[PDB]
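So this block is final-v3.json, JSON, C-alpha atoms:
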[["chain", "number", "residue", "atom", "x", "y", "z"],
["A", 1, "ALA", "CA", -71.94, 111.49, -234.53],
["A", 2, "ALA", "CA", -71.61, 112.46, -230.86],
["A", 3, "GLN", "CA", -68.55, 112.09, -228.61],
["A", 4, "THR", "CA", -69.56, 112.46, -224.98],
["A", 5, "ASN", "CA", -67.22, 113.88, -222.34],
["A", 6, "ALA", "CA", -65.10, 115.47, -225.04],
["A", 7, "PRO", "CA", -62.38, 118.05, -224.41],
["A", 8, "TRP", "CA", -64.04, 121.44, -224.07],
["A", 9, "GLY", "CA", -62.50, 122.75, -227.29],
["A", 10, "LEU", "CA", -64.00, 120.00, -229.42],
["A", 11, "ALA", "CA", -67.40, 120.61, -227.84],
["A", 12, "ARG", "CA", -66.95, 124.34, -228.44],
["A", 13, "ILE", "CA", -66.26, 124.00, -232.16],
["A", 14, "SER", "CA", -69.57, 122.18, -232.67],
["A", 15, "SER", "CA", -71.65, 124.47, -230.46],
["A", 16, "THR", "CA", -73.43, 127.81, -230.65],
["A", 17, "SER", "CA", -72.78, 128.20, -226.90],
["A", 18, "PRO", "CA", -69.95, 127.65, -224.42],
["A", 19, "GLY", "CA", -70.37, 125.32, -221.48],
["A", 20, "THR", "CA", -71.17, 121.99, -223.12],
["A", 21, "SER", "CA", -69.09, 118.82, -223.25],
["A", 22, "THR", "CA", -70.27, 116.73, -226.23],
["A", 23, "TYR", "CA", -68.61, 117.04, -229.65],
["A", 24, "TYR", "CA", -70.95, 116.62, -232.64],
["A", 25, "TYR", "CA", -69.60, 115.99, -236.13],
["A", 26, "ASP", "CA", -70.36, 114.25, -239.40],
["A", 27, "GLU", "CA", -69.08, 110.66, -239.31],
["A", 28, "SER", "CA", -67.00, 111.21, -242.47],
["A", 29, "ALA", "CA", -64.55, 112.75, -239.96],
["A", 30, "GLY", "CA", -62.00, 114.04, -242.48],
["A", 31, "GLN", "CA", -61.53, 110.67, -244.20],
["A", 32, "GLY", "CA", -59.65, 111.12, -247.46],
["A", 33, "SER", "CA", -57.99, 114.37, -246.34],
["A", 34, "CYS", "CA", -54.44, 114.84, -245.10],
["A", 35, "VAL", "CA", -52.97, 117.21, -242.51],
["A", 36, "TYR", "CA", -49.27, 117.97, -242.23],
["A", 37, "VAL", "CA", -48.13, 118.93, -238.72],
["A", 38, "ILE", "CA", -44.94, 120.98, -239.11],
["A", 39, "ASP", "CA", -43.48, 120.94, -235.62],
["A", 40, "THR", "CA", -41.30, 118.85, -233.25],
["A", 41, "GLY", "CA", -42.54, 115.57, -234.77],
["A", 42, "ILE", "CA", -45.36, 113.16, -233.95],
["A", 43, "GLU", "CA", -45.28, 110.03, -231.79],
["A", 44, "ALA", "CA", -47.06, 108.05, -234.47],
["A", 45, "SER", "CA", -47.10, 104.89, -232.31],
["A", 46, "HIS", "CA", -49.49, 106.54, -229.82],
["A", 47, "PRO", "CA", -52.65, 104.37, -229.67],
["A", 48, "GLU", "CA", -54.69, 107.55, -230.16],
["A", 49, "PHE", "CA", -53.49, 107.84, -233.79],
["A", 50, "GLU", "CA", -54.67, 104.35, -234.80],
["A", 51, "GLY", "CA", -52.04, 103.93, -237.51],
["A", 52, "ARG", "CA", -53.17, 107.12, -239.29],
["A", 53, "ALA", "CA", -50.06, 109.13, -238.35],
["A", 54, "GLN", "CA", -46.58, 108.88, -239.81],
["A", 55, "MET", "CA", -43.39, 110.90, -239.91],
["A", 56, "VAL", "CA", -42.44, 111.88, -243.45],
["A", 57, "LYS", "CA", -39.50, 114.26, -242.93],
["A", 58, "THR", "CA", -37.01, 115.43, -240.33],
["A", 59, "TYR", "CA", -34.09, 117.87, -240.41],
["A", 60, "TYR", "CA", -32.52, 116.40, -237.24],
["A", 61, "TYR", "CA", -30.95, 113.13, -236.06],
["A", 62, "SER", "CA", -34.35, 111.56, -235.41],
["A", 63, "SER", "CA", -37.88, 111.98, -236.66],
["A", 64, "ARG", "CA", -39.14, 111.15, -233.17],
["A", 65, "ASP", "CA", -40.88, 113.82, -231.11],
["A", 66, "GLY", "CA", -38.60, 114.22, -228.10],
["A", 67, "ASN", "CA", -40.58, 117.24, -226.90],
["A", 68, "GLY", "CA", -44.33, 116.52, -226.99],
["A", 69, "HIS", "CA", -45.52, 119.75, -228.61],
["A", 70, "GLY", "CA", -45.93, 118.29, -232.10],
["A", 71, "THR", "CA", -47.66, 115.19, -230.73],
["A", 72, "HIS", "CA", -50.11, 117.38, -228.80],
["A", 73, "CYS", "CA", -50.92, 119.48, -231.87],
["A", 74, "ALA", "CA", -51.32, 116.38, -234.04],
["A", 75, "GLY", "CA", -53.67, 114.95, -231.42],
["A", 76, "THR", "CA", -55.93, 118.00, -231.65],
["A", 77, "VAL", "CA", -56.01, 117.69, -235.44],
["A", 78, "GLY", "CA", -56.78, 114.01, -235.66],
["A", 79, "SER", "CA", -56.50, 111.73, -232.63],
["A", 80, "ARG", "CA", -59.44, 109.44, -231.93],
["A", 81, "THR", "CA", -60.33, 111.06, -228.58],
["A", 82, "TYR", "CA", -58.75, 114.52, -228.73],
["A", 83, "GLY", "CA", -59.04, 115.31, -232.44],
["A", 84, "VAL", "CA", -61.34, 117.37, -234.63],
["A", 85, "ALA", "CA", -60.94, 115.22, -237.79],
["A", 86, "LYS", "CA", -60.82, 111.72, -236.36],
["A", 87, "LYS", "CA", -60.25, 109.89, -239.68],
["A", 88, "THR", "CA", -57.74, 112.21, -241.38],
["A", 89, "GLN", "CA", -54.23, 111.09, -242.32],
["A", 90, "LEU", "CA", -51.51, 112.87, -240.34],
["A", 91, "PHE", "CA", -48.02, 113.57, -241.73],
["A", 92, "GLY", "CA", -45.26, 114.83, -239.46],
["A", 93, "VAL", "CA", -42.51, 117.19, -240.62],
["A", 94, "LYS", "CA", -39.93, 117.81, -237.88],
["A", 95, "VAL", "CA", -38.60, 121.35, -238.34],
["A", 96, "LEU", "CA", -38.21, 122.00, -234.58],
["A", 97, "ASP", "CA", -35.68, 120.29, -232.33],
["A", 98, "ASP", "CA", -36.58, 118.53, -229.10],
["A", 99, "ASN", "CA", -36.30, 121.82, -227.20],
["A", 100, "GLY", "CA", -38.98, 123.26, -229.50],
["A", 101, "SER", "CA", -36.56, 125.55, -231.37],
["A", 102, "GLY", "CA", -35.75, 125.81, -235.06],
["A", 103, "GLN", "CA", -33.97, 128.02, -237.55],
["A", 104, "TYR", "CA", -36.08, 129.94, -240.04],
["A", 105, "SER", "CA", -34.11, 128.38, -242.91],
["A", 106, "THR", "CA", -35.18, 124.91, -241.75],
["A", 107, "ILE", "CA", -38.79, 126.00, -241.26],
["A", 108, "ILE", "CA", -38.83, 127.45, -244.80],
["A", 109, "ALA", "CA", -37.42, 124.21, -246.20],
["A", 110, "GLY", "CA", -40.14, 122.28, -244.36],
["A", 111, "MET", "CA", -42.90, 124.40, -245.89],
["A", 112, "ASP", "CA", -41.53, 123.97, -249.40],
["A", 113, "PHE", "CA", -41.19, 120.26, -248.62],
["A", 114, "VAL", "CA", -44.93, 119.98, -247.90],
["A", 115, "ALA", "CA", -45.85, 121.88, -251.06],
["A", 116, "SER", "CA", -44.07, 119.18, -253.07],
["A", 117, "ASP", "CA", -44.58, 116.15, -250.84],
["A", 118, "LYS", "CA", -48.37, 116.32, -251.07],
["A", 119, "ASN", "CA", -47.90, 115.06, -254.64],
["A", 120, "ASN", "CA", -46.53, 111.85, -253.09],
["A", 121, "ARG", "CA", -49.58, 111.30, -250.88],
["A", 122, "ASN", "CA", -53.19, 110.25, -251.41],
["A", 123, "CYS", "CA", -55.41, 113.12, -250.27],
["A", 124, "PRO", "CA", -58.42, 113.13, -252.61],
["A", 125, "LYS", "CA", -60.41, 115.42, -250.30],
["A", 126, "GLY", "CA", -57.58, 117.94, -249.89],
["A", 127, "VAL", "CA", -54.48, 118.91, -247.95],
["A", 128, "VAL", "CA", -53.99, 121.07, -244.83],
["A", 129, "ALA", "CA", -50.84, 122.20, -243.01],
["A", 130, "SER", "CA", -50.78, 123.17, -239.33],
["A", 131, "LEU", "CA", -47.94, 125.48, -238.22],
["A", 132, "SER", "CA", -47.93, 125.97, -234.44],
["A", 133, "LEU", "CA", -44.70, 127.96, -234.52],
["A", 134, "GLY", "CA", -43.34, 131.40, -235.24],
["A", 135, "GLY", "CA", -40.90, 134.15, -234.42],
["A", 136, "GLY", "CA", -40.22, 137.74, -235.39],
["A", 137, "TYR", "CA", -41.24, 139.18, -238.75],
["A", 138, "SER", "CA", -39.47, 137.68, -241.76],
["A", 139, "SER", "CA", -40.53, 138.33, -245.34],
["A", 140, "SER", "CA", -38.87, 135.07, -246.40],
["A", 141, "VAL", "CA", -40.86, 133.05, -243.85],
["A", 142, "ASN", "CA", -44.09, 134.75, -244.91],
["A", 143, "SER", "CA", -43.30, 134.07, -248.58],
["A", 144, "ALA", "CA", -42.75, 130.39, -247.85],
["A", 145, "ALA", "CA", -46.14, 130.18, -246.13],
["A", 146, "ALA", "CA", -47.70, 132.00, -249.08],
["A", 147, "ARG", "CA", -46.13, 129.52, -251.52],
["A", 148, "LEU", "CA", -47.42, 126.58, -249.50],
["A", 149, "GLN", "CA", -50.94, 128.05, -249.56],
["A", 150, "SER", "CA", -50.69, 128.88, -253.28],
["A", 151, "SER", "CA", -49.69, 125.28, -254.03],
["A", 152, "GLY", "CA", -53.11, 124.05, -252.86],
["A", 153, "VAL", "CA", -52.65, 123.51, -249.11],
["A", 154, "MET", "CA", -54.88, 125.09, -246.47],
["A", 155, "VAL", "CA", -52.25, 126.73, -244.24],
["A", 156, "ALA", "CA", -53.22, 127.42, -240.62],
["A", 157, "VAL", "CA", -50.66, 129.29, -238.49],
["A", 158, "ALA", "CA", -50.52, 130.31, -234.83],
["A", 159, "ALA", "CA", -50.96, 134.01, -234.10],
["A", 160, "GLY", "CA", -48.38, 133.87, -231.30],
["A", 161, "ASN", "CA", -48.39, 134.12, -227.51],
["A", 162, "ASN", "CA", -47.12, 137.65, -226.85],
["A", 163, "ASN", "CA", -50.44, 139.44, -226.15],
["A", 164, "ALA", "CA", -49.32, 141.70, -228.99],
["A", 165, "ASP", "CA", -50.20, 142.61, -232.56],
["A", 166, "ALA", "CA", -49.45, 139.58, -234.76],
["A", 167, "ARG", "CA", -48.33, 141.89, -237.60],
["A", 168, "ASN", "CA", -44.83, 141.69, -236.07],
["A", 169, "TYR", "CA", -44.55, 137.89, -236.17],
["A", 170, "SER", "CA", -44.08, 135.28, -238.89],
["A", 171, "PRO", "CA", -45.69, 133.33, -240.43],
["A", 172, "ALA", "CA", -48.61, 134.85, -238.44],
["A", 173, "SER", "CA", -48.41, 138.11, -240.41],
["A", 174, "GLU", "CA", -48.66, 136.53, -243.88],
["A", 175, "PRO", "CA", -52.00, 137.77, -245.28],
["A", 176, "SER", "CA", -52.77, 134.78, -247.50],
["A", 177, "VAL", "CA", -52.71, 132.08, -244.79],
["A", 178, "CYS", "CA", -55.17, 131.48, -241.93],
["A", 179, "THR", "CA", -53.86, 133.12, -238.74],
["A", 180, "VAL", "CA", -55.40, 131.67, -235.58],
["A", 181, "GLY", "CA", -55.84, 133.33, -232.18],
["A", 182, "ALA", "CA", -56.74, 131.53, -228.95],
["A", 183, "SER", "CA", -59.82, 131.58, -226.70],
["A", 184, "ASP", "CA", -60.76, 129.98, -223.38],
["A", 185, "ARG", "CA", -63.69, 127.87, -222.21],
["A", 186, "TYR", "CA", -65.65, 130.98, -221.14],
["A", 187, "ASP", "CA", -65.32, 132.59, -224.59],
["A", 188, "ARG", "CA", -62.64, 135.04, -223.47],
["A", 189, "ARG", "CA", -59.61, 135.86, -225.56],
["A", 190, "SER", "CA", -56.79, 133.82, -224.05],
["A", 191, "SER", "CA", -54.57, 136.01, -221.88],
["A", 192, "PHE", "CA", -51.48, 135.39, -224.04],
["A", 193, "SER", "CA", -53.13, 135.42, -227.47],
["A", 194, "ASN", "CA", -51.83, 137.80, -230.08],
["A", 195, "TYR", "CA", -54.42, 139.94, -231.87],
["A", 196, "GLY", "CA", -54.67, 142.40, -234.75],
["A", 197, "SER", "CA", -56.09, 142.80, -238.22],
["A", 198, "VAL", "CA", -54.02, 139.90, -239.57],
["A", 199, "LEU", "CA", -55.97, 137.36, -237.49],
["A", 200, "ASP", "CA", -58.60, 135.44, -239.41],
["A", 201, "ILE", "CA", -60.22, 133.32, -236.70],
["A", 202, "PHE", "CA", -60.04, 132.20, -233.07],
["A", 203, "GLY", "CA", -60.01, 128.64, -231.81],
["A", 204, "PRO", "CA", -59.84, 126.96, -228.39],
["A", 205, "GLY", "CA", -56.38, 127.50, -226.93],
["A", 206, "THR", "CA", -56.51, 127.58, -223.10],
["A", 207, "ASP", "CA", -56.32, 124.28, -221.17],
["A", 208, "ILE", "CA", -56.46, 121.93, -224.17],
["A", 209, "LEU", "CA", -56.22, 118.19, -223.46],
["A", 210, "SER", "CA", -54.46, 116.15, -226.14],
["A", 211, "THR", "CA", -51.87, 113.44, -226.76],
["A", 212, "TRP", "CA", -48.31, 113.60, -225.44],
["A", 213, "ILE", "CA", -45.15, 111.55, -225.86],
["A", 214, "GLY", "CA", -44.74, 108.32, -223.94],
["A", 215, "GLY", "CA", -48.25, 107.28, -224.94],
["A", 216, "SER", "CA", -49.66, 109.85, -222.52],
["A", 217, "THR", "CA", -51.95, 112.91, -222.47],
["A", 218, "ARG", "CA", -51.84, 116.39, -220.95],
["A", 219, "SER", "CA", -53.56, 119.76, -221.00],
["A", 220, "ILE", "CA", -51.51, 122.79, -222.14],
["A", 221, "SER", "CA", -52.26, 126.25, -223.53],
["A", 222, "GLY", "CA", -51.23, 128.38, -226.48],
["A", 223, "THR", "CA", -52.11, 129.64, -229.90],
["A", 224, "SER", "CA", -50.24, 126.44, -230.82],
["A", 225, "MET", "CA", -53.31, 124.58, -229.48],
["A", 226, "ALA", "CA", -55.88, 126.76, -231.26],
["A", 227, "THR", "CA", -54.21, 126.33, -234.66],
["A", 228, "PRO", "CA", -54.75, 122.54, -234.96],
["A", 229, "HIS", "CA", -58.44, 122.96, -234.09],
["A", 230, "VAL", "CA", -58.73, 125.13, -237.22],
["A", 231, "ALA", "CA", -56.52, 122.82, -239.30],
["A", 232, "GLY", "CA", -58.62, 119.81, -238.32],
["A", 233, "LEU", "CA", -61.81, 121.76, -238.97],
["A", 234, "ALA", "CA", -60.58, 122.61, -242.48],
["A", 235, "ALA", "CA", -59.81, 118.95, -243.21],
["A", 236, "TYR", "CA", -63.25, 117.95, -241.92],
["A", 237, "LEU", "CA", -65.02, 120.57, -244.06],
["A", 238, "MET", "CA", -62.99, 119.65, -247.16],
["A", 239, "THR", "CA", -63.96, 115.98, -246.75],
["A", 240, "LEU", "CA", -67.60, 117.12, -246.60],
["A", 241, "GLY", "CA", -67.07, 118.96, -249.90],
["A", 242, "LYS", "CA", -68.10, 122.29, -248.38],
["A", 243, "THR", "CA", -64.87, 124.14, -249.20],
["A", 244, "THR", "CA", -61.39, 123.80, -250.73],
["A", 245, "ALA", "CA", -57.84, 124.48, -249.59],
["A", 246, "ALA", "CA", -57.85, 127.90, -251.28],
["A", 247, "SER", "CA", -61.20, 128.93, -249.79],
["A", 248, "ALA", "CA", -61.35, 127.18, -246.40],
["A", 249, "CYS", "CA", -60.08, 130.06, -244.24],
["A", 250, "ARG", "CA", -62.70, 132.38, -245.71],
["A", 251, "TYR", "CA", -65.38, 129.69, -245.35],
["A", 252, "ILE", "CA", -64.47, 129.13, -241.70],
["A", 253, "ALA", "CA", -64.71, 132.88, -241.11],
["A", 254, "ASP", "CA", -68.04, 133.03, -243.01],
["A", 255, "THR", "CA", -69.53, 130.27, -240.86],
["A", 256, "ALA", "CA", -67.93, 131.17, -237.52],
["A", 257, "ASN", "CA", -69.73, 132.09, -234.34],
["A", 258, "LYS", "CA", -69.67, 135.89, -234.49],
["A", 259, "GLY", "CA", -69.40, 138.45, -231.72],
["A", 260, "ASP", "CA", -69.29, 135.92, -228.88],
["A", 261, "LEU", "CA", -65.75, 136.43, -227.54],
["A", 262, "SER", "CA", -64.78, 138.93, -224.85],
["A", 263, "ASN", "CA", -61.65, 141.09, -224.68],
["A", 264, "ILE", "CA", -61.25, 141.24, -228.47],
["A", 265, "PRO", "CA", -59.38, 144.48, -229.26],
["A", 266, "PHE", "CA", -61.09, 146.95, -231.56],
["A", 267, "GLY", "CA", -60.05, 146.04, -235.09],
["A", 268, "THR", "CA", -59.54, 142.31, -234.46],
["A", 269, "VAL", "CA", -62.13, 139.86, -235.78],
["A", 270, "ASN", "CA", -64.60, 138.47, -233.25],
["A", 271, "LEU", "CA", -64.97, 135.07, -234.92],
["A", 272, "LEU", "CA", -64.80, 131.63, -233.28],
["A", 273, "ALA", "CA", -64.35, 128.50, -235.39],
["A", 274, "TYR", "CA", -67.56, 126.49, -235.72],
["A", 275, "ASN", "CA", -68.38, 123.36, -237.74],
["A", 276, "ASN", "CA", -72.08, 124.22, -238.26],
["A", 277, "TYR", "CA", -72.93, 120.54, -237.89],
["A", 278, "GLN", "CA", -76.63, 119.77, -237.51],
["A", 279, "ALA", "CA", -77.04, 116.29, -236.01]]
Output the file's structure in the form of structure tokens.
Amino acid sequence: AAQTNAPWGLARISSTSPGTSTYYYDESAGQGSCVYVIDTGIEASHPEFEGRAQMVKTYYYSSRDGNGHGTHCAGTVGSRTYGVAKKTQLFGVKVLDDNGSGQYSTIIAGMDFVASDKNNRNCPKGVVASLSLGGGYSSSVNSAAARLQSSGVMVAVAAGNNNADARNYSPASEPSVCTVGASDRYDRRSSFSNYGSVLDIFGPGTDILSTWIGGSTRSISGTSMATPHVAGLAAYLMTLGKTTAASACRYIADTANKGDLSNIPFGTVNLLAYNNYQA
């Protein structure tokens, strides 16, 4: 399948070169997979989600996304126009308040929630979790992410936006999950992207158009935007049967575009997520 005039990041993940604008992908499109977006919520009523999104858990007075961040990330995973995996099922877990903030204890509870809640959902092709959040190093936060991964969920986490080594941030620094840095449309490391040996992969993160609250759209930047590209890619590849939740991060690294990014610090992987789709 071909989506013309796609957001640059979608085009990038199906291309061996920057500078194109059509997204190519197998029409299975992540059908039969599920992606949890652990964030500020999801505006599931947005036309872009087509009834495939739903809130399953909140730790606050509403499950509604009063911020936009979670809706934007969910859109990059799986919206019809802005999403990588256009037929996946999206499940929202609201661990962040409408200012985008959340306590680590709540975030940990949300991760353990997903590890159990997947047993209440129909995801025959597999389960992914997208975590566009983080703070300073916490062994307890890292352990929660490790448990979620161990339970059979492909965990993708943002590297962080400090232009610093991600070893000092959580859950970015957990070795067993997939830690995602950000790139721009010219294949440069995004100016704010964290780096370091703990990164597994880069995805598009600068000037990413996606869904927003109020049935709208906007373009914003962050490792929060790169992470759902990778989460959606994992769901798409799992639906194709090419990989599993336990092996998807390694598979994405195996099949990535290699050596094409600029300003990658010595010792950080130079790997850009790529779907390897041959139309």
Tell me, as an mmCIF file with C-alpha atoms, in the frame of the given file, which residues lie within 9 Å of residue 180 in chain A, counting all atoms listed in the file; anything in the same chain fewer than 4 positions away does not count.
data_model
loop_
_atom_site.group_PDB
_atom_site.id
_atom_site.type_symbol
_atom_site.label_atom_id
_atom_site.label_comp_id
_atom_site.auth_asym_id
_atom_site.auth_seq_id
_atom_site.Cartn_x
_atom_site.Cartn_y
_atom_site.Cartn_z
ATOM 1 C CA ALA A 156 -53.220 127.420 -240.620
ATOM 2 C CA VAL A 157 -50.660 129.290 -238.490
ATOM 3 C CA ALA A 158 -50.520 130.310 -234.830
ATOM 4 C CA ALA A 159 -50.960 134.010 -234.100
ATOM 5 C CA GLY A 160 -48.380 133.870 -231.300
ATOM 6 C CA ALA A 172 -48.610 134.850 -238.440
ATOM 7 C CA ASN A 194 -51.830 137.800 -230.080
ATOM 8 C CA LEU A 199 -55.970 137.360 -237.490
ATOM 9 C CA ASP A 200 -58.600 135.440 -239.410
ATOM 10 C CA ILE A 201 -60.220 133.320 -236.700
ATOM 11 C CA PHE A 202 -60.040 132.200 -233.070
ATOM 12 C CA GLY A 203 -60.010 128.640 -231.810
ATOM 13 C CA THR A 223 -52.110 129.640 -229.900
ATOM 14 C CA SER A 224 -50.240 126.440 -230.820
ATOM 15 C CA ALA A 226 -55.880 126.760 -231.260
ATOM 16 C CA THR A 227 -54.210 126.330 -234.660
ATOM 17 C CA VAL A 230 -58.730 125.130 -237.220
#
Would you kindly identify which residues have an atom no farther than 7 Å from (-51.0, 142.1, -233.4), using all atoms listed in the file and the file's own coordinates, and write them out as an MDAnalysis selection string? chainID A and resid 164:168 194:196
For a quick check of understanding, using only C-alpha atoms, which of A:89, A:54, A:62, A:162 has the smallest distance to residue 32 in chain A?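 Of A:89, A:54, A:62, A:162, the one nearest residue 32 in chain A, counting only C-alpha atoms, is A:89.
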In terms of the shortest atom-to-atom distance over all atoms listed in the file, which of A:243, A:125, A:274, A:116 is closest to residue 256 in chain A?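 Nearest candidate to residue 256 in chain A out of A:243, A:125, A:274, A:116: A:274.
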Skipping near chain neighbours, those fewer than 3 positions away, what residues fall within 6 Å of range 257-268 of chain A using all atoms listed in the file, listed as a list in words?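 Contacts, in chain order: residues 187, 188, 189, 196, 197, 271 and 272 of chain A.
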Would you mind telling me which residue in A:31, A:5, A:120, A:79 lies nearest to residue 217 in chain A when using only C-alpha atoms? A:79
Selection: 12 Å around residue 139 in chain A, all atoms listed in the file, excl. self and same-chain fewer than 2 positions, as a list in words: residues 104, 108, 135, 136, 137, 141, 142, 143, 144, 145, 146, 167, 168, 169, 170, 171, 172, 173, 174 and 175 of chain A
Written file, previous selection with C-alpha atoms, as a PDB file, in the coordinates of the input:
ATOM      1  CA  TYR A 104     -36.080 129.940-240.040  1.00  0.00           C
ATOM      2  CA  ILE A 108     -38.830 127.450-244.800  1.00  0.00           C
ATOM      3  CA  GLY A 135     -40.900 134.150-234.420  1.00  0.00           C
ATOM      4  CA  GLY A 136     -40.220 137.740-235.390  1.00  0.00           C
ATOM      5  CA  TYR A 137     -41.240 139.180-238.750  1.00  0.00           C
ATOM      6  CA  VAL A 141     -40.860 133.050-243.850  1.00  0.00           C
ATOM      7  CA  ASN A 142     -44.090 134.750-244.910  1.00  0.00           C
ATOM      8  CA  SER A 143     -43.300 134.070-248.580  1.00  0.00           C
ATOM      9  CA  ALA A 144     -42.750 130.390-247.850  1.00  0.00           C
ATOM     10  CA  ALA A 145     -46.140 130.180-246.130  1.00  0.00           C
ATOM     11  CA  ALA A 146     -47.700 132.000-249.080  1.00  0.00           C
ATOM     12  CA  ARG A 167     -48.330 141.890-237.600  1.00  0.00           C
ATOM     13  CA  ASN A 168     -44.830 141.690-236.070  1.00  0.00           C
ATOM     14  CA  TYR A 169     -44.550 137.890-236.170  1.00  0.00           C
ATOM     15  CA  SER A 170     -44.080 135.280-238.890  1.00  0.00           C
ATOM     16  CA  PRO A 171     -45.690 133.330-240.430  1.00  0.00           C
ATOM     17  CA  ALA A 172     -48.610 134.850-238.440  1.00  0.00           C
ATOM     18  CA  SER A 173     -48.410 138.110-240.410  1.00  0.00           C
ATOM     19  CA  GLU A 174     -48.660 136.530-243.880  1.00  0.00           C
ATOM     20  CA  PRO A 175     -52.000 137.770-245.280  1.00  0.00           C
TER      21      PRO A 175
END
Atom pair CA of residue 253 in chain A + CA of residue 273 in chain A, distance 7.2 Å
Kindly provide, as a PDB file with C-alpha atoms, keeping the file's coordinate frame, the polymer residues lying within 10 Å of (-46.6, 109.5, -223.8), counting all atoms listed in the file and using the coordinates exactly as they appear in the file.
ATOM      1  CA  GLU A  43     -45.280 110.030-231.790  1.00  0.00           C
ATOM      2  CA  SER A  45     -47.100 104.890-232.310  1.00  0.00           C
ATOM      3  CA  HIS A  46     -49.490 106.540-229.820  1.00  0.00           C
ATOM      4  CA  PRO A  47     -52.650 104.370-229.670  1.00  0.00           C
ATOM      5  CA  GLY A  68     -44.330 116.520-226.990  1.00  0.00           C
ATOM      6  CA  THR A  71     -47.660 115.190-230.730  1.00  0.00           C
ATOM      7  CA  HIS A  72     -50.110 117.380-228.800  1.00  0.00           C
ATOM      8  CA  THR A 211     -51.870 113.440-226.760  1.00  0.00           C
ATOM      9  CA  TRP A 212     -48.310 113.600-225.440  1.00  0.00           C
ATOM     10  CA  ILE A 213     -45.150 111.550-225.860  1.00  0.00           C
ATOM     11  CA  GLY A 214     -44.740 108.320-223.940  1.00  0.00           C
ATOM     12  CA  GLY A 215     -48.250 107.280-224.940  1.00  0.00           C
ATOM     13  CA  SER A 216     -49.660 109.850-222.520  1.00  0.00           C
ATOM     14  CA  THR A 217     -51.950 112.910-222.470  1.00  0.00           C
ATOM     15  CA  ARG A 218     -51.840 116.390-220.950  1.00  0.00           C
TER      16      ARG A 218
END
Nearest candidate to residue 209 in chain A (options A:105, A:76, A:22, A:191; using only C-alpha atoms):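 Distance minimum relative to residue 209 in chain A lands on A:76.
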Could you tell me how far CA of residue 78 in chain A sits from CA of residue 111 in chain A, in Å to one decimal place?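 Here the two named atoms are 20.1 Å from each other.
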Pick from A:154, A:38, A:85, A:90, whichever lies nearest to residue 53 in chain A using only C-alpha atoms: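 Using only C-alpha atoms, the shortest distance to residue 53 in chain A belongs to A:90.
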Would you fill out range 139-148 of chain A with N, CA, C and O atoms and return it as an mmCIF file, in the coordinates of the input?
data_model
loop_
_atom_site.group_PDB
_atom_site.id
_atom_site.type_symbol
_atom_site.label_atom_id
_atom_site.label_comp_id
_atom_site.auth_asym_id
_atom_site.auth_seq_id
_atom_site.Cartn_x
_atom_site.Cartn_y
_atom_site.Cartn_z
ATOM 1 N N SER A 139 -39.867 138.421 -244.041
ATOM 2 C CA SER A 139 -40.530 138.330 -245.340
ATOM 3 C C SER A 139 -40.307 136.978 -245.991
ATOM 4 O O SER A 139 -41.203 136.467 -246.671
ATOM 5 N N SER A 140 -39.137 136.370 -245.790
ATOM 6 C CA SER A 140 -38.870 135.070 -246.400
ATOM 7 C C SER A 140 -39.741 133.972 -245.790
ATOM 8 O O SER A 140 -40.208 133.077 -246.505
ATOM 9 N N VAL A 141 -39.968 134.018 -244.477
ATOM 10 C CA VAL A 141 -40.860 133.050 -243.850
ATOM 11 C C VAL A 141 -42.284 133.234 -244.345
ATOM 12 O O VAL A 141 -42.976 132.264 -244.685
ATOM 13 N N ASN A 142 -42.744 134.488 -244.404
ATOM 14 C CA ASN A 142 -44.090 134.750 -244.910
ATOM 15 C C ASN A 142 -44.240 134.271 -246.347
ATOM 16 O O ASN A 142 -45.265 133.678 -246.703
ATOM 17 N N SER A 143 -43.229 134.516 -247.188
ATOM 18 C CA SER A 143 -43.300 134.070 -248.580
ATOM 19 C C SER A 143 -43.389 132.559 -248.687
ATOM 20 O O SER A 143 -44.094 132.037 -249.558
ATOM 21 N N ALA A 144 -42.666 131.840 -247.829
ATOM 22 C CA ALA A 144 -42.750 130.390 -247.850
ATOM 23 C C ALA A 144 -44.154 129.918 -247.490
ATOM 24 O O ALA A 144 -44.690 128.997 -248.115
ATOM 25 N N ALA A 145 -44.768 130.543 -246.483
ATOM 26 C CA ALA A 145 -46.140 130.180 -246.130
ATOM 27 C C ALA A 145 -47.095 130.503 -247.267
ATOM 28 O O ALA A 145 -48.017 129.728 -247.558
ATOM 29 N N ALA A 146 -46.872 131.634 -247.937
ATOM 30 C CA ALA A 146 -47.700 132.000 -249.080
ATOM 31 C C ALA A 146 -47.547 131.008 -250.222
ATOM 32 O O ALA A 146 -48.531 130.673 -250.886
ATOM 33 N N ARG A 147 -46.322 130.539 -250.484
ATOM 34 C CA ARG A 147 -46.130 129.520 -251.520
ATOM 35 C C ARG A 147 -46.870 128.241 -251.165
ATOM 36 O O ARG A 147 -47.513 127.620 -252.021
ATOM 37 N N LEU A 148 -46.758 127.809 -249.913
ATOM 38 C CA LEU A 148 -47.420 126.580 -249.500
ATOM 39 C C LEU A 148 -48.928 126.688 -249.733
ATOM 40 O O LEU A 148 -49.555 125.786 -250.305
#
